[PDB]
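Structure 1 and structure 2, given next as structure tokens, are two forms of the same protein chain, each shown alone.
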Structure 1
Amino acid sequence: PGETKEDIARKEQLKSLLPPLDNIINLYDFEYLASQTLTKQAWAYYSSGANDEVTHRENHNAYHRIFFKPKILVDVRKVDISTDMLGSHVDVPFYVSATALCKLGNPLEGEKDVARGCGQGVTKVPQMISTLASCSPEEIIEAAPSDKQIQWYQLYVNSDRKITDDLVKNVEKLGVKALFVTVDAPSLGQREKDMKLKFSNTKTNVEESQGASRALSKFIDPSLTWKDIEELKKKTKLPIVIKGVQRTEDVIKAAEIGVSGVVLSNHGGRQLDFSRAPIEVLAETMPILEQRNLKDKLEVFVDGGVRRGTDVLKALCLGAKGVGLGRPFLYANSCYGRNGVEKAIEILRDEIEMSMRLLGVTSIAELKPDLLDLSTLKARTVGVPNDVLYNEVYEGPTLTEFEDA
């Protein structure tokens, strides 16, 4: 914590003042509400990124370097946003990514409420479950209200492989439909908001408890290699997706060892700062795949900074099989539990359908590159420092004013 007596007071009062879920307009509304009501600990843990949080923000910003070239006078009365992911039919082209410790924001239900929100309405959304979920995989998969809802397991390979061996067999038996092996966290990203929180709140055996090593964990084997993945292919039938690819070279390697897909991701900017926006790695990757007809050998997903239907649409047009979101659902789930998640799903689903009509296409398969203006995709810029004295003494024009009372 580090949560005062009056901190708890103010927050329970704010949660009682949460607006009606019917009044939430977009995914940022959940984020705002969450920012005022979660404990300092849960907020820092969910909202933080690595170091200067540049990548975390760039993930979102890069989407804005892409504009649309919509078609008009196309019959868009009826549209469809369902598609297939990893051999299963899905109602939407997005999914809930794995996020550890959902109980920080939703103590009673944690990941269970996410499972429920994902399957309780007419729209069924796939849920990725973190190896580090605060609920057990059994209880999470059991809370899923529908048999038609997909659940994927995000796997962290343990240094003690036998634990992973047992884990993989357990989740497979439980029904998950795929394994997403996270490879962008061999060392823990440094999330300074958390750390600052812990210091303001106020070690006997050496060896691998000092400096950089403090960011290593036996839980997440830092020596995981391509060979290990090849091995994993032989020990399971579940489709395998490598989560955390950050360069085209590694997408090519994934195809070469024949896994089912990759997730171009930088862990929501929580790992290596200055890793590129996945939307940008995607734009570079897909064309290169086609130039080797790896076209369909590999399904390419992306996550990071997706907050609008139009963000999703851009990824789809570039060729992403699906688009993942982490924080928005966390916030929705933390403020309004399962219903919050359901509402988040509706908001994103309606955003995609609506803008799909304005783009002039009627199905996910019709989302193609020609629908995008990619001409300014590389305009990732850093301005020359502002001329302080010049702009400080300068006085800009002013608007006309009303007469004196």
Structure 2
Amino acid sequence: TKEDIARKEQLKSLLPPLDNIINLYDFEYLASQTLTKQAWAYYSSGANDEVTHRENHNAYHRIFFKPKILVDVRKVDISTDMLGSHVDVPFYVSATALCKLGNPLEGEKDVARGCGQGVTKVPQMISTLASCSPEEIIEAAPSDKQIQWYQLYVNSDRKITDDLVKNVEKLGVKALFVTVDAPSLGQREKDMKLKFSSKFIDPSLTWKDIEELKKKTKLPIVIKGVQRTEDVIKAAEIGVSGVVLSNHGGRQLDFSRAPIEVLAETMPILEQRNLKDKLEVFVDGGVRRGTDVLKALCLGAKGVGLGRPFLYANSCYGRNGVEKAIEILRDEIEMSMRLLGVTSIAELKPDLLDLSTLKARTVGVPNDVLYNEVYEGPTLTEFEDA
């Protein structure tokens, strides 16, 4: 109801200067105060109780580092290559449907500008349901070396997909991410709630359709949305290039595991089934700090993705916001490796980690209301009255 004015006093001239944004949560606190209710509902939502959405972040907290001291770390190099090309930093913007709800004027173009306008050029997955055409987004994209991938929601009308694959290969996208964790649109009750005052995606998809989609294209194929060791090993038996261990930001099945627990489980199997070199394994979901990024790289992930932080940077400070988020994260990784005693993404191995309490995901017995309610704790000292 006419909040738009209050909200406008918020973003107009009260957002702080980008030089004061310390971490990816600041982009998120500011976007929750100014985005429109339906932008906010749609970007932040999770499926149902959002325990997977949050467990995704929190599972990073079950893993602690075992650093090395007295290692020369004057120079640290954080570039890696993902899926053939060499990339500046080991993370990427992952794909967000409808980026124009938050940044109406420039949509997923400003993200494209942000991933290539600064020193660091980060990859950008363009969403099949992006609110700006592939055409435009790739054209906004400031800088040759900055790479871009299409993620695909195969349609029931396979005609539309085949044309679309062909048209983006024409446009030079550098790989195909087929999202398979969404045969139906998980329930996101925050949306639902405010929406009170699908043909588009084919629920029939199958590994055979991935096999045929292989033959219809030359780009590399990454299945986005694996959540089991068994389908990582399958995506390897039908020969795709990649697999993103992901549960769609916890917007699809609640009580799906966090990707980092599934990565730590799958990688030893890959190594024992000898498949490890044959598969790029990416991981996204709830990654908010450089040490999160680094924990996933140490276990074997090739690149970790981020959806919501970029998206809220982009919605509050447009393409410049996305540049600042790209470097905030770039400095976190870089400072932490220096502190970890490694100098290059390939040095990042598992023995930099204490994985002994990775499975200490607990649900504690219900608090004792009454005992807690009569108990009074000690008190600090006081200060003279006056």
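The term rigid core refers to the maximal set of C-alpha atoms that superpose within 1.5 Å between the two forms. Shifts are known only where both forms have a C-alpha. Residue positions are counted from 1 along structure 1's sequence.
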* Single mover in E12, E395, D387, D22, with Cα shift of 2 Å or more between structure 1 and structure 2 when the core is superposed -> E12
* Taking the rigid core as fixed, quantify in angstrom how much the C-alpha of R292 shifts between structure 1 and structure 2. => 1.4
* Spell out which consecutive segments of 3+ residues have Cα shifts of at least 2 angstroms at every position between structure 1 and structure 2, with the rigid core used for superposition. => 6-16
